[PDB]
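Asker: sequence, then structure. It's an experimental one.
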Amino acid sequence: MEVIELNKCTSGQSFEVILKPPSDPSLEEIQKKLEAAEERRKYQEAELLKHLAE
Amino acid sequence: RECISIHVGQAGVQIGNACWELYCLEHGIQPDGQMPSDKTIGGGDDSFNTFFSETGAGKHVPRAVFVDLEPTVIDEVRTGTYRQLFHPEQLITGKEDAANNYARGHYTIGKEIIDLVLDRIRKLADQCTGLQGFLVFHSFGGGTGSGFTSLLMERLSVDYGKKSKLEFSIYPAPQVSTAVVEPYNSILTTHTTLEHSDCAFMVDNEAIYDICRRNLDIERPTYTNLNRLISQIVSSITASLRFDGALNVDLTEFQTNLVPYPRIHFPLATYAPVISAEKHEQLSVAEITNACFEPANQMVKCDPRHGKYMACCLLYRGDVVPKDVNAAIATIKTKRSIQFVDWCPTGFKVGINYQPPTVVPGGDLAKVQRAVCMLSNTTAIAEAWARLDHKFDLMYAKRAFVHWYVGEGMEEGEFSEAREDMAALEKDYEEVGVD
Amino acid sequence: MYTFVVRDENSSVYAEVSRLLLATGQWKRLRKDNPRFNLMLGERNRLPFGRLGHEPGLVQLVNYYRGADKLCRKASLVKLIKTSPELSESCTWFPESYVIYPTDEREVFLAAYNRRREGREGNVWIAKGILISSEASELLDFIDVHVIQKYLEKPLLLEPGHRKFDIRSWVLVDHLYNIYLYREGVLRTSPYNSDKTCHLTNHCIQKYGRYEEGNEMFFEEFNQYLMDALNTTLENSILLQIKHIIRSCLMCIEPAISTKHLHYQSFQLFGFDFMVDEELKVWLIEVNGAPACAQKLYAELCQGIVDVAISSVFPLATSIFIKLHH
Amino acid sequence: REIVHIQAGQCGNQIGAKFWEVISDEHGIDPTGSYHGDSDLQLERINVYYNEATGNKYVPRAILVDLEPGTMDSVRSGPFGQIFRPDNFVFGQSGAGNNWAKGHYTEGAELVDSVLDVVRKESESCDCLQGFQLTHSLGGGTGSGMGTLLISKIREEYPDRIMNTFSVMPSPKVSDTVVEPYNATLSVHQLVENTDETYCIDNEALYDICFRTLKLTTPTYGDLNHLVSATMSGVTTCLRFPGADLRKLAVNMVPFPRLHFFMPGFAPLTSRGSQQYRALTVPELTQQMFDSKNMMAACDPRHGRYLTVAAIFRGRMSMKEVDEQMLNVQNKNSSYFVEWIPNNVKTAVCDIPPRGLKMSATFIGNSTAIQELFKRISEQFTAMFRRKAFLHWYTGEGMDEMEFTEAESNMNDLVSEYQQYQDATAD
Ligand SMILES: C=C/C=C\[C@H](C)[C@@H]1OC(=O)/C=C\C=C\[C@@H](C)[C@@H](O)C[C@H](O)/C=C\[C@H](C)[C@H](O)[C@@H](C)C[C@@H](C)CC[C@@H](O)[C@@H]1C
Ligand SMILES: Nc1nc2c(ncn2[C@@H]2O[C@H](COP(=O)(O)OP(=O)(O)OP(=O)(O)O)[C@@H](O)[C@H]2O)c(=O)[nH]1
Ligand SMILES: Nc1ncnc2c1ncn2[C@@H]1O[C@H](COP(=O)(O)OP(=O)(O)CP(=O)(O)O)[C@@H](O)[C@H]1O
Ligand SMILES: Nc1nc2c(ncn2[C@@H]2O[C@H](COP(=O)(O)OP(=O)(O)O)[C@@H](O)[C@H]2O)c(=O)[nH]1
Ligand SMILES: [Ca+2]
Ligand SMILES: [Ca+2]
Ligand SMILES: [Mg+2]
Ligand SMILES: [Mg+2]
């Protein structure tokens, strides 16, 4: 074993125990997606209202 | 260096309530906001000020925003014991919720409330001389927790590009859920949030439920039961930011210590001991450390023996000295199955905070003299993605319930894109972990 | 009543355990993908262990130990014995073996081979699609993952006939990790010529049958032969050693695979393969995780599985096993 | 939050009236609209169904519709008839002659704007309207024809609100006129398109429960309606008491837009033979609830498979015991739940039981068995239509035969849809 980096604050302590060494979308793009969703909802509504008017 | 908490949806809000209540007990903050030990009135930059700012009358105000698309859960906050703690701007409610529909939380209602939320978050940011980043609490299965949270996280990457974002996420469990569509919402929100979260702590309600039945002997746990136990885990995970310490004292250290690969950013949490307050025998450092390798004590049920560790971190509260930890570590490594990936060092980062855990008076959890929360990045947690992915696959092959999401303006293609991203996530875990 | 599913349509044994369950009127078989089962008679490969033990209110049991391949892959068994502190020094019942890929021991194999031929010792090995040969180059050209294992040149030969053999023992490990050795074993038998037929005893590499029906000989007789031929018993000369090897292998991996304190439960039926040399010393050959049975023994043994591994968890409204202790 | 309730035609207003009697009682609202209960739990979610009038008077958010005045008069005279807002009775004088065309196109058209006026006024005072609920029959003319006209006009004015119905299906066993199959087939067409959740109440099942289980020799519509009001009280407990808005319920109960026709059930169903006072255990409640003899659509659940199942328990009982029995029955009926909707049986508990019962249970199932109800209607419809029997009553109101063909074609399509999902496996 190997115990390193022992820090002793007044509220406790911390240290590392070693046991073996080894071996984005912009704001506009987000807006496009949301408005796209809005338009598909609005299209679907318009079909409904048109169908009801019939 | 300040931290801003964001509580999204019913699960995030109610867990946020349990956490801030616990914080106040731990820091000596009365319900009315006053903090007698804080001898610097209306100022100072002590350790606990990373979570609380101060008014001129001496009030200690959480650095928190609560958002929900429906007002009845946030009304609890407005009327609870610690109501006097918050101000109205920090509480944001809509009129009607996402109906467990990710598409409704993200597209339909999200689009309409995000700028208000970002504005209210901006108002806390401007109070911070050195903002660290955000801790985001939410369910996977709620329409709001899943759908609005992923919108928020995208926008937080845009507005606070250089800030860390951590997640505490409630993973769905049929024992304490009435919904059938949570596998959809879960995948949809993980796919969209993945690039934008630095480190996410998943809590499986199944595990919390079973720890409450077994350890606390509660025939049928309530959310209040589940949230008090969760808030112990959150508190011990965040104590390093709120108390004088050297381990995990800023959000970026979480990523540094637990996350070698950006996508594999879901540590397994394990807590001990959980002791019924009605009881008791007081466990040793070696015993509670040994408990951290018991699947029964994990926040997500899975079997770490059949995966590989990439990193591992032990957080002790209470009467613990380093010599005890090392002897206990030495012993367990000769007994237990523990295999790190060959390209990581086999080791533990240990932090001890001398203040023993705090409990809600009259709650079901016994006050103990020492406890430990182990944070380990295991490939074994991939079991939970496989479970979730399989439930998704079962409904999705018949397109069951899909019309509800499409009807909110989502494209069917987003299900596939999300699912294929999760398939790659599972492939990533296998590569890291199997021979 | 109890429910189970079936997902290995080729399981010789569990097809019979499935039929017995049905005969008790208290088990019913759901389609193979129904998730609300008490028992899974699961698939040999890719068994979805990580989806077990998350059905509300359901106690779930499966007939394979996740992780047991470490003993039933010929390659894995070798690394386990070599690198397990519990077996490394202590293993005097396993032939000298080496892993060799077409973490590799090509250089170490050649080191012990030089000792052998140079010392003029017996230097015949068997790599395993098997090939027994005495020249090291003749073996490797065949391998281009196999293991190369020292071929036992002085095997115990049954008489008359001068015939090789092997011993299969069936081992059931229940959810509590009791180790149950089935009272019945079989010999599988070949004359030995110091032509892969008298050198390979597999039941397929033979199929012949004049000495014993089906080239298989059971313990009642093999004991009598040892008494008549060698003034010893099956228990003293061989079975003590078999019980010790089973316990060593299975106790070794118990911490890695035990399902106590786990959210689902495991049992598994194993077939250990053994060799006996002419000094009545016993040698573990391989461990089979998906064994068939002797036609004669299917009945008794499949009822033992239900009695000891299944009904032990889902009870219904003498003993054929030897319990190997801890 | 708020629901607007509509009841249309004879059957709709009679069942509607009992429902308001029952739940008014459960909420401690006396016949004058004054509150006299004993628990905050009664008032916690009272606005979902009641408006508040000055002086802590609670007025049902209910619209009463009909084309002749008889049943409306009888309601005003009934027990809680004073409780209804006078302006909310909307009615004509012609009647609809048990004729869908008259309810939907000729007599009904005349009266529908007046109903939409009352609906608007009730909507406008809602803090946040969840949706609408309509009770009606499908065999008559006003409930069936005007009712579905109303739903169409509500959807046009409120396209993004939930629309649910409690719909009494006809059966020859409890029949008023021979044209019922026509009226119901024309209505199912509308319902397939314009409701989010329809509770199918089959008068045949109601009758058989009263006859075979309740041991009632000669049931009355009063009897049937008591069963229906208890069931309506059960399914809406999760809306009226702490526990679920209409949309979140539909999202988790309706996996495909067209298959939203539910089979309700109630328990206990027992004979009053000195058994009525016997405490009923949680096992008894749960076994009954899933028994065929307890379901109010004459459909054998064993003949199909459940897509989703909601079970609501009422009273003070072991929540532990409840889970144990719900799980036990899923293991029994493992065969009857589709395997491609994980965890599709869900349970709620509410401590406030119905008046006069220590505990009760209401069952709500989305079962492919319901296909049997629609194919029965289809068969009866076809027997008459192939000979154009009784068609002149409809063509004389301006309808063409082609509209009958479309409705029949639409219902048979629905039946084949249930059949597909009954045979679908995860394989
Ligand atoms: C004829 C049986 C009457 C009572 C039973 C002994 C039993 O309740 C019981 O054991 C005990 C109490 C029931 C109290 C409530 C509910 C009250 O509405 C009952 C009503 O007064 C009785 C009969 C009405 C006028 C109808 O004829 C009937 C069809 C309604 C339906 C809800 C009854 C189902 C039974 O299983 C019931 C719940
Ligand atoms: N542990 C815990 N889980 C909760 C809590 N509240 C809800 N859940 C779980 O969260 C999921 C439901 O999501 P919610 O958070 O209620 O939904 P939401 O984010 O409010 O979104 P909508 O209601 O759909 O608009 C289910 O899995 C519940 O079990 C809570 O307080 N604690
Ligand atoms: N080291 C050794 N010395 C002598 N004979 C050996 C040997 N290793 C293997 N054999 C012989 O070769 C046969 C096959 O061995 P092995 O079990 O390794 O192959 P296999 O797995 O394909 C057959 P099975 O699974 O049925 O046991 C054995 O029955 C045995 O007689
Ligand atoms: N259960 C029940 N069914 C009824 C009642 N009244 C009528 N029915 C049935 O409803 C259908 C007739 O519709 P009805 O409501 O009388 O015609 P409407 O007034 O024009 O809507 C037939 O199926 C009748 O059996 C009632 O009070 N209860
Ligand atoms: Ca201060
Ligand atoms: Ca083999
Ligand atoms: Mg909510
Ligand atoms: Mg009538």
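Answerer: Great, that's in hand. Numbers count the residues shown, from 1 in each chain, chains lettered A, B, ... in the order given. Ligands and ions are numbered 1, 2, ... in the order given.

Asker: what ranges do the strands span in the stretch 101-250 of chain D?
Answerer: For the stretch 101-250 of chain D, strands defined by DSSP state E, counting those that start in this stretch occupy the ranges D:129-137, D:162-169, D:197-202.

Asker: what do you get for chain B?
Answerer: B:2-8, B:52-54, B:60-62, B:64-68, B:91-93, B:131-139, B:164-171, B:199-204, B:268-272, B:309-318, B:346-353, B:370-378 (DSSP state E).

Asker: closest to ligand 5 out of those strands?
Answerer: strand B:52-54 (5.3 Å; Cβ to the ion). Every residue, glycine included, has its C-beta placed from N, CA and C.

Asker: run through who's touching that closest one.
Answerer: Strand B:52-54 has contacts (Cβ atoms under 8 Å, 6 or more residues apart in numbering or on different chains) with B:27, B:29, B:35, B:38, B:41-44, B:60-63, B:127.

Asker: may I see the ChimeraX selection of the buried members of those residues?
Answerer: With 16 or more other Cβ atoms under 10 Å in any protein chain shown as the criterion, this ChimeraX line picks the buried residues out of these:
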select /B:27,29,35,38,60,61,62,63
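
Asker: got CSV for the contacts of strand B:52-54, with distance to chain D too?
Answerer: Listed next are these as CSV, based on distance: Cβ to the nearest Cβ, whole Å:
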residue, distance to chain D
B:27, 33
B:29, 31
B:35, 35
B:38, 39
B:41, 41
B:42, 39
B:43, 42
B:44, 43
B:60, 33
B:61, 30
B:62, 28
B:63, 31
B:127, 33
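
Asker: quick check, nearest of the contacts of strand B:52-54 to ligand 4?
Answerer: Nearest to ligand 4 out of these is residue B:62 (Cβ to the nearest ligand atom; 56.4 Å).

Asker: tell me what the most centrally placed residue in chain B is bridged to.
Answerer: By Cα atoms, centre = their mean, chain B has its centre lying nearest to residue B:168, at 2.0 Å. Residue B:168 has these beta-bridge partners by DSSP bridges: residue B:137, residue B:201.

Asker: need the contact list for it.
Answerer: Going by Cβ under 8 Å, 6+ apart, residue B:168 touches B:15, B:135, B:136, B:137, B:138, B:200, B:201, B:203, B:230, B:234.

Asker: between those, identify the one with the most neighbours.
Answerer: Using other Cβ atoms under 10 Å in any protein chain shown as the neighbour test, those are led by residue B:138, with 32 neighbours.

Asker: that residue contacts residue B:13, doesn't it?
Answerer: No - at 9.3 Å, residue B:138 does not count as touching residue B:13 under the criterion of Cβ atoms under 8 Å.

Asker: need the overlap of contacts for these two.
Answerer: With Cβ under 8 Å, 6+ apart, residue B:138 and residue B:13 have common neighbours residue B:7.

Asker: and the strands of the stretch 101-250 of chain D as a markdown table, adding mean neighbour count and distance to residue C:168?
Answerer: Listed next are these as a markdown table, based on neighbours: other Cβ atoms under 10 Å in any protein chain shown; distance: least, Cβ to Cβ, whole Å:
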| stretch | mean neighbour count | distance to residue C:168 |
| --- | --- | --- |
| strand D:129-137 | 26 | 69 |
| strand D:162-169 | 26 | 66 |
| strand D:197-202 | 24 | 62 |
